[PDB]
$ cat data-v4.pdb   # PDB, C-alpha atoms and all ligand atoms
ATOM      1  CA  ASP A   2     -41.531  15.775  36.053
ATOM      2  CA  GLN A   3     -41.348  14.993  32.327
ATOM      3  CA  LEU A   4     -37.944  15.403  30.640
ATOM      4  CA  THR A   5     -38.088  15.844  26.862
ATOM      5  CA  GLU A   6     -35.751  14.414  24.220
ATOM      6  CA  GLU A   7     -34.617  17.914  23.229
ATOM      7  CA  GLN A   8     -33.797  18.726  26.854
ATOM      8  CA  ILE A   9     -31.416  15.769  27.220
ATOM      9  CA  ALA A  10     -29.878  16.627  23.839
ATOM     10  CA  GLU A  11     -28.988  20.157  24.962
ATOM     11  CA  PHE A  12     -27.358  18.912  28.171
ATOM     12  CA  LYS A  13     -25.455  16.101  26.425
ATOM     13  CA  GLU A  14     -23.994  18.583  23.932
ATOM     14  CA  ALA A  15     -22.783  20.885  26.707
ATOM     15  CA  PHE A  16     -21.432  17.943  28.738
ATOM     16  CA  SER A  17     -19.415  16.633  25.784
ATOM     17  CA  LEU A  18     -17.860  20.065  25.221
ATOM     18  CA  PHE A  19     -16.868  20.285  28.892
ATOM     19  CA  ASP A  20     -15.405  16.786  29.259
ATOM     20  CA  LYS A  21     -12.413  17.134  26.924
ATOM     21  CA  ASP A  22     -11.279  13.587  27.729
ATOM     22  CA  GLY A  23     -14.853  12.288  27.793
ATOM     23  CA  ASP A  24     -14.352  10.223  30.947
ATOM     24  CA  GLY A  25     -17.680  11.295  32.425
ATOM     25  CA  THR A  26     -16.282  13.485  35.199
ATOM     26  CA  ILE A  27     -15.547  17.207  35.174
ATOM     27  CA  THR A  28     -12.553  18.298  37.231
ATOM     28  CA  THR A  29     -11.466  21.800  38.225
ATOM     29  CA  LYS A  30      -9.030  21.760  35.305
ATOM     30  CA  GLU A  31     -11.758  21.084  32.730
ATOM     31  CA  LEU A  32     -14.331  23.360  34.365
ATOM     32  CA  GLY A  33     -11.770  26.144  34.643
ATOM     33  CA  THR A  34     -10.687  25.790  31.008
ATOM     34  CA  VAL A  35     -14.164  26.621  29.696
ATOM     35  CA  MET A  36     -14.640  29.599  32.021
ATOM     36  CA  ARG A  37     -11.123  30.871  31.284
ATOM     37  CA  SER A  38     -11.837  31.028  27.555
ATOM     38  CA  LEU A  39     -15.091  32.897  28.228
ATOM     39  CA  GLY A  40     -13.138  35.822  29.651
ATOM     40  CA  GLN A  41     -13.318  34.771  33.300
ATOM     41  CA  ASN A  42     -10.656  33.893  35.878
ATOM     42  CA  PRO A  43     -12.004  31.403  38.467
ATOM     43  CA  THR A  44      -9.482  30.061  40.987
ATOM     44  CA  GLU A  45      -9.078  26.502  42.288
ATOM     45  CA  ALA A  46     -11.211  27.278  45.358
ATOM     46  CA  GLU A  47     -13.884  28.929  43.207
ATOM     47  CA  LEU A  48     -14.096  26.011  40.774
ATOM     48  CA  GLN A  49     -14.253  23.507  43.634
ATOM     49  CA  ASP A  50     -17.285  25.222  45.192
ATOM     50  CA  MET A  51     -19.163  24.883  41.890
ATOM     51  CA  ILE A  52     -18.500  21.139  41.794
ATOM     52  CA  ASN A  53     -19.470  20.578  45.442
ATOM     53  CA  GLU A  54     -22.819  22.303  44.838
ATOM     54  CA  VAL A  55     -23.868  19.538  42.439
ATOM     55  CA  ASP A  56     -21.825  16.755  44.060
ATOM     56  CA  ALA A  57     -24.531  14.163  44.710
ATOM     57  CA  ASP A  58     -22.125  11.360  45.617
ATOM     58  CA  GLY A  59     -19.343  13.732  46.656
ATOM     59  CA  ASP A  60     -16.746  12.098  44.397
ATOM     60  CA  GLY A  61     -15.100  15.491  43.879
ATOM     61  CA  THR A  62     -16.023  15.735  40.196
ATOM     62  CA  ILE A  63     -19.071  16.513  38.063
ATOM     63  CA  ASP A  64     -20.767  13.428  36.635
ATOM     64  CA  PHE A  65     -23.410  13.266  33.900
ATOM     65  CA  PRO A  66     -26.496  13.478  36.235
ATOM     66  CA  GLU A  67     -24.730  16.094  38.368
ATOM     67  CA  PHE A  68     -24.219  18.267  35.290
ATOM     68  CA  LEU A  69     -27.899  18.037  34.338
ATOM     69  CA  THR A  70     -28.839  19.529  37.706
ATOM     70  CA  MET A  71     -26.207  22.267  37.381
ATOM     71  CA  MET A  72     -27.613  23.458  34.047
ATOM     72  CA  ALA A  73     -31.162  23.280  35.421
ATOM     73  CA  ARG A  74     -30.224  25.864  38.057
ATOM     74  CA  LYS A  75     -28.930  28.434  35.564
ATOM     75  CA  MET A  76     -31.073  27.770  32.480
ATOM     76  CA  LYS A  77     -34.223  27.042  34.518
ATOM     77  CA  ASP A  78     -34.243  29.314  37.574
ATOM     78  CA  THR A  79     -31.907  32.267  37.103
ATOM     79  CA  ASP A  80     -31.135  34.550  34.143
ATOM     80  CA  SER A  81     -33.932  37.092  33.723
ATOM     81  CA  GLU A  82     -32.629  40.628  34.161
ATOM     82  CA  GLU A  83     -29.095  42.024  34.567
ATOM     83  CA  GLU A  84     -27.904  38.468  33.895
ATOM     84  CA  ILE A  85     -28.485  38.188  30.152
ATOM     85  CA  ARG A  86     -26.455  41.355  29.635
ATOM     86  CA  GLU A  87     -23.455  39.617  31.204
ATOM     87  CA  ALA A  88     -23.777  36.728  28.755
ATOM     88  CA  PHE A  89     -24.138  39.166  25.855
ATOM     89  CA  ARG A  90     -20.815  40.755  26.815
ATOM     90  CA  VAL A  91     -19.177  37.333  26.479
ATOM     91  CA  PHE A  92     -20.005  37.093  22.772
ATOM     92  CA  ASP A  93     -19.687  40.793  21.990
ATOM     93  CA  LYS A  94     -16.240  41.478  23.475
ATOM     94  CA  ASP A  95     -15.860  45.006  22.059
ATOM     95  CA  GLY A  96     -19.335  45.846  23.368
ATOM     96  CA  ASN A  97     -20.552  47.661  20.251
ATOM     97  CA  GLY A  98     -24.089  46.369  20.717
ATOM     98  CA  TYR A  99     -23.890  43.930  17.803
ATOM     99  CA  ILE A 100     -22.700  40.320  17.638
ATOM    100  CA  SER A 101     -21.051  39.507  14.308
ATOM    101  CA  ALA A 102     -20.434  36.044  12.854
ATOM    102  CA  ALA A 103     -16.766  36.282  13.851
ATOM    103  CA  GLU A 104     -17.588  36.958  17.513
ATOM    104  CA  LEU A 105     -20.170  34.167  17.772
ATOM    105  CA  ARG A 106     -17.815  31.640  16.158
ATOM    106  CA  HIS A 107     -15.011  32.690  18.513
ATOM    107  CA  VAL A 108     -17.046  31.959  21.644
ATOM    108  CA  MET A 109     -18.334  28.638  20.280
ATOM    109  CA  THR A 110     -14.782  27.556  19.427
ATOM    110  CA  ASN A 111     -13.753  28.258  23.029
ATOM    111  CA  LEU A 112     -16.606  26.031  24.207
ATOM    112  CA  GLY A 113     -15.271  23.144  22.148
ATOM    113  CA  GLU A 114     -17.423  23.251  19.023
ATOM    114  CA  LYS A 115     -15.270  24.463  16.128
ATOM    115  CA  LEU A 116     -18.039  25.157  13.611
ATOM    116  CA  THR A 117     -17.416  26.523  10.111
ATOM    117  CA  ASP A 118     -17.580  30.260   9.331
ATOM    118  CA  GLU A 119     -20.450  29.707   6.889
ATOM    119  CA  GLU A 120     -22.490  27.832   9.506
ATOM    120  CA  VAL A 121     -22.129  30.704  11.981
ATOM    121  CA  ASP A 122     -23.261  33.267   9.401
ATOM    122  CA  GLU A 123     -26.404  31.191   8.894
ATOM    123  CA  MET A 124     -27.125  31.482  12.612
ATOM    124  CA  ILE A 125     -26.609  35.253  12.573
ATOM    125  CA  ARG A 126     -29.161  35.753   9.771
ATOM    126  CA  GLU A 127     -31.596  33.592  11.746
ATOM    127  CA  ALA A 128     -31.638  36.003  14.696
ATOM    128  CA  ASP A 129     -31.153  39.014  12.415
ATOM    129  CA  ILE A 130     -34.453  40.907  12.350
ATOM    130  CA  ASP A 131     -33.384  44.338  11.052
ATOM    131  CA  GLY A 132     -31.309  42.829   8.250
ATOM    132  CA  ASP A 133     -28.073  44.604   9.242
ATOM    133  CA  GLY A 134     -26.270  41.254   9.258
ATOM    134  CA  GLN A 135     -25.686  41.282  13.021
ATOM    135  CA  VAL A 136     -27.436  40.433  16.294
ATOM    136  CA  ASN A 137     -28.054  43.183  18.860
ATOM    137  CA  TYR A 138     -29.115  42.644  22.492
ATOM    138  CA  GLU A 139     -32.793  42.981  21.537
ATOM    139  CA  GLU A 140     -32.471  40.155  19.008
ATOM    140  CA  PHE A 141     -30.284  38.184  21.420
ATOM    141  CA  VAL A 142     -32.988  37.900  24.087
ATOM    142  CA  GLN A 143     -35.580  37.267  21.371
ATOM    143  CA  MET A 144     -33.700  34.184  20.171
ATOM    144  CA  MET A 145     -32.935  33.168  23.763
ATOM    145  CA  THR A 146     -36.652  32.843  24.516
ATOM    146  CA  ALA A 147     -37.297  30.764  21.407
ATOM    147  CA  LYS A 148     -36.009  27.306  20.468
TER     148      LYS A 148
HETATM  149 CA    CA A 201     -12.408  14.433  32.795
HETATM  150 CA    CA A 202     -18.786  43.543  17.862
HETATM  151 CA    CA A 203     -29.546  42.995  13.978
HETATM  152 LA    LA A 204     -19.885  13.414  41.357
END

$ encode --input "data-v4.pdb" --output "structure tokens"
Amino acid sequence: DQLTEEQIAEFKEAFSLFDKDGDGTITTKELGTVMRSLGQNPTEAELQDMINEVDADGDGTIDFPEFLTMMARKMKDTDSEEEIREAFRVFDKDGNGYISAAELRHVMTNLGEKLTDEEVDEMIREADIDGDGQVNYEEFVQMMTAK
């Protein structure tokens, strides 16, 4: 019961990356494309269940308001313990305990945002507390709790 301007901004950014055609609806093809690039393999039946969960009007696809609710369930309900480690493994593929600028940029590119290499290195230094030029799991959760 509030809804901030920053909140809507975060959702809108994610929604634009999902909807490749920007028609306002997310099909199983679009939803599956994002998850497939994140190192996951969800089937047609699996992707459909995700859409039906937030299907307010039951049109078969994910609309703008339906997507807002979907993100509110994961980013504002779940993800506390044994769930952040799974997300960390998505960025750090080799699992060395450190997320380099190359790994972060790779995941972002798969999402849809093809940022520059220099921009990603600026993000790394932001979460870099020990000054090693990388982001470990300890620094990952630290930045995940902050803006
Ligand atoms: Ca679409
Ligand atoms: Ca690594
Ligand atoms: Ca570090
Ligand atoms: La819908």

$ closest_residue --input "data-v4.pdb" --among "A:48, A:71, A:121, A:32" --to "ligand CA 201 (chain A)" --atoms "only C-alpha atoms and all ligand atoms"
A:32

$ closest_residue --input "data-v4.pdb" --among "A:62, A:5, A:53, A:146" --to "residue 31 in chain A" --atoms "all atoms listed in the file"
A:62

$ residues_near_ligand --input "data-v4.pdb" --ligand "ligand CA 203 (chain A)" --cutoff "9 Å" --atoms "all atoms listed in the file" --output "ChimeraX atom specification"
/A:99-100,125-126,128-141

$ closest_atom_pairs --input "data-v4.pdb" --of "chain A" --to "ligand CA 201 (chain A)" --cutoff "7 Å" --atoms "all atoms listed in the file" --output "CSV"
residue,atom,partner,partner_atom,distance
A:20,CA,A:CA201,CA,5.2
A:21,CA,A:CA201,CA,6.5
A:22,CA,A:CA201,CA,5.3
A:23,CA,A:CA201,CA,6.0
A:24,CA,A:CA201,CA,5.0
A:25,CA,A:CA201,CA,6.1
A:26,CA,A:CA201,CA,4.7
A:27,CA,A:CA201,CA,4.8
A:28,CA,A:CA201,CA,5.9
A:31,CA,A:CA201,CA,6.7

$ closest_residue --input "data-v4.pdb" --among "A:80, A:4, A:13, A:18" --to "residue 67 in chain A" --atoms "all atoms listed in the file"
A:13

$ resolve_selection --input "data-v4.pdb" --expression "the PyMOL selection byres (((not hetatm)) within 6 of (chain A and resi 204))" --output "PyMOL selection string"
chain A and resi 56-64

$ atom_distance --input "data-v4.pdb" --atom1 "CA of residue 147 in chain A" --atom2 "CA of residue 7 in chain A"
13.3 Å

$ axis_aligned_box --input "data-v4.pdb" --around "range 71-74 of chain A" --padding-each-side "3 Å" --output "lines of an AutoDock Vina configuration file"
center_x = -28.7
center_y = 24.1
center_z = 36.1
size_x = 11.0
size_y = 9.6
size_z = 10.0

$ residues_near_point --input "data-v4.pdb" --point "(-21.9, 19.3, 22.8)" --cutoff "12 Å" --atoms "all atoms listed in the file" --output "VMD selection string"
chain A and resid 9 to 21 23 109 to 110 112 to 116

$ closest_atom_pairs --input "data-v4.pdb" --of "chain A" --to "ligand CA 202 (chain A)" --cutoff "10 Å" --atoms "only C-alpha atoms and all ligand atoms" --output "JSON lines"
{"residue": "A:90", "atom": "CA", "partner": "A:CA202", "partner_atom": "CA", "distance": 9.6}
{"residue": "A:92", "atom": "CA", "partner": "A:CA202", "partner_atom": "CA", "distance": 8.2}
{"residue": "A:93", "atom": "CA", "partner": "A:CA202", "partner_atom": "CA", "distance": 5.0}
{"residue": "A:94", "atom": "CA", "partner": "A:CA202", "partner_atom": "CA", "distance": 6.5}
{"residue": "A:95", "atom": "CA", "partner": "A:CA202", "partner_atom": "CA", "distance": 5.3}
{"residue": "A:96", "atom": "CA", "partner": "A:CA202", "partner_atom": "CA", "distance": 6.0}
{"residue": "A:97", "atom": "CA", "partner": "A:CA202", "partner_atom": "CA", "distance": 5.1}
{"residue": "A:98", "atom": "CA", "partner": "A:CA202", "partner_atom": "CA", "distance": 6.7}
{"residue": "A:99", "atom": "CA", "partner": "A:CA202", "partner_atom": "CA", "distance": 5.1}
{"residue": "A:100", "atom": "CA", "partner": "A:CA202", "partner_atom": "CA", "distance": 5.1}
{"residue": "A:101", "atom": "CA", "partner": "A:CA202", "partner_atom": "CA", "distance": 5.8}
{"residue": "A:102", "atom": "CA", "partner": "A:CA202", "partner_atom": "CA", "distance": 9.2}
{"residue": "A:103", "atom": "CA", "partner": "A:CA202", "partner_atom": "CA", "distance": 8.5}
{"residue": "A:104", "atom": "CA", "partner": "A:CA202", "partner_atom": "CA", "distance": 6.7}
{"residue": "A:105", "atom": "CA", "partner": "A:CA202", "partner_atom": "CA", "distance": 9.5}
{"residue": "A:135", "atom": "CA", "partner": "A:CA202", "partner_atom": "CA", "distance": 8.7}
{"residue": "A:136", "atom": "CA", "partner": "A:CA202", "partner_atom": "CA", "distance": 9.3}
{"residue": "A:137", "atom": "CA", "partner": "A:CA202", "partner_atom": "CA", "distance": 9.3}

$ build_atoms --input "data-v4.pdb" --residues "range 121-137 of chain A" --atoms "N, CA, C and O atoms" --output "mmCIF file, in the coordinates of the input"
data_model
loop_
_atom_site.group_PDB
_atom_site.id
_atom_site.type_symbol
_atom_site.label_atom_id
_atom_site.label_comp_id
_atom_site.auth_asym_id
_atom_site.auth_seq_id
_atom_site.Cartn_x
_atom_site.Cartn_y
_atom_site.Cartn_z
ATOM 1 N N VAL A 121 -21.888 29.647 11.005
ATOM 2 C CA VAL A 121 -22.129 30.704 11.981
ATOM 3 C C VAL A 121 -22.881 31.878 11.364
ATOM 4 O O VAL A 121 -23.707 32.507 12.024
ATOM 5 N N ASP A 122 -22.599 32.168 10.096
ATOM 6 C CA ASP A 122 -23.261 33.267 9.401
ATOM 7 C C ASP A 122 -24.734 32.942 9.177
ATOM 8 O O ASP A 122 -25.572 33.837 9.097
ATOM 9 N N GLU A 123 -25.034 31.650 9.085
ATOM 10 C CA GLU A 123 -26.404 31.191 8.894
ATOM 11 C C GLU A 123 -27.203 31.409 10.173
ATOM 12 O O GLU A 123 -28.404 31.680 10.136
ATOM 13 N N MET A 124 -26.514 31.284 11.304
ATOM 14 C CA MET A 124 -27.125 31.482 12.612
ATOM 15 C C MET A 124 -27.413 32.961 12.844
ATOM 16 O O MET A 124 -28.451 33.323 13.396
ATOM 17 N N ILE A 125 -26.473 33.807 12.427
ATOM 18 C CA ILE A 125 -26.609 35.253 12.573
ATOM 19 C C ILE A 125 -27.842 35.774 11.836
ATOM 20 O O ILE A 125 -28.615 36.549 12.391
ATOM 21 N N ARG A 126 -28.017 35.338 10.587
ATOM 22 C CA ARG A 126 -29.161 35.753 9.771
ATOM 23 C C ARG A 126 -30.481 35.271 10.370
ATOM 24 O O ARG A 126 -31.529 35.877 10.153
ATOM 25 N N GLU A 127 -30.415 34.174 11.118
ATOM 26 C CA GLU A 127 -31.596 33.592 11.746
ATOM 27 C C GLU A 127 -32.142 34.500 12.849
ATOM 28 O O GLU A 127 -33.355 34.650 12.998
ATOM 29 N N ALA A 128 -31.241 35.111 13.612
ATOM 30 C CA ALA A 128 -31.638 36.003 14.696
ATOM 31 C C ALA A 128 -31.657 37.456 14.229
ATOM 32 O O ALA A 128 -32.077 38.349 14.962
ATOM 33 N N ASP A 129 -31.196 37.678 13.002
ATOM 34 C CA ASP A 129 -31.153 39.014 12.415
ATOM 35 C C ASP A 129 -32.544 39.447 11.957
ATOM 36 O O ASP A 129 -33.087 38.908 10.992
ATOM 37 N N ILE A 130 -33.115 40.419 12.662
ATOM 38 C CA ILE A 130 -34.453 40.907 12.350
ATOM 39 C C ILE A 130 -34.435 42.202 11.534
ATOM 40 O O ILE A 130 -35.295 42.409 10.677
ATOM 41 N N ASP A 131 -33.452 43.069 11.778
ATOM 42 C CA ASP A 131 -33.384 44.338 11.052
ATOM 43 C C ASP A 131 -32.647 44.200 9.720
ATOM 44 O O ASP A 131 -32.672 45.113 8.896
ATOM 45 N N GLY A 132 -31.994 43.061 9.509
ATOM 46 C CA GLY A 132 -31.309 42.829 8.250
ATOM 47 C C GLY A 132 -29.944 43.493 8.147
ATOM 48 O O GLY A 132 -29.395 43.595 7.050
ATOM 49 N N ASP A 133 -29.382 43.950 9.268
ATOM 50 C CA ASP A 133 -28.073 44.604 9.242
ATOM 51 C C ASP A 133 -26.932 43.584 9.198
ATOM 52 O O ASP A 133 -25.764 43.953 9.061
ATOM 53 N N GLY A 134 -27.275 42.303 9.301
ATOM 54 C CA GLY A 134 -26.270 41.254 9.258
ATOM 55 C C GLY A 134 -25.613 40.989 10.601
ATOM 56 O O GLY A 134 -24.566 40.345 10.664
ATOM 57 N N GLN A 135 -26.225 41.479 11.675
ATOM 58 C CA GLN A 135 -25.686 41.282 13.021
ATOM 59 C C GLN A 135 -26.812 41.032 14.019
ATOM 60 O O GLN A 135 -27.990 41.129 13.674
ATOM 61 N N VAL A 136 -26.448 40.709 15.256
ATOM 62 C CA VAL A 136 -27.436 40.433 16.294
ATOM 63 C C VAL A 136 -27.236 41.316 17.523
ATOM 64 O O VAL A 136 -26.293 41.124 18.289
ATOM 65 N N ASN A 137 -28.129 42.287 17.708
ATOM 66 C CA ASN A 137 -28.054 43.183 18.860
ATOM 67 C C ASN A 137 -28.627 42.503 20.099
ATOM 68 O O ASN A 137 -29.082 41.363 20.026
#
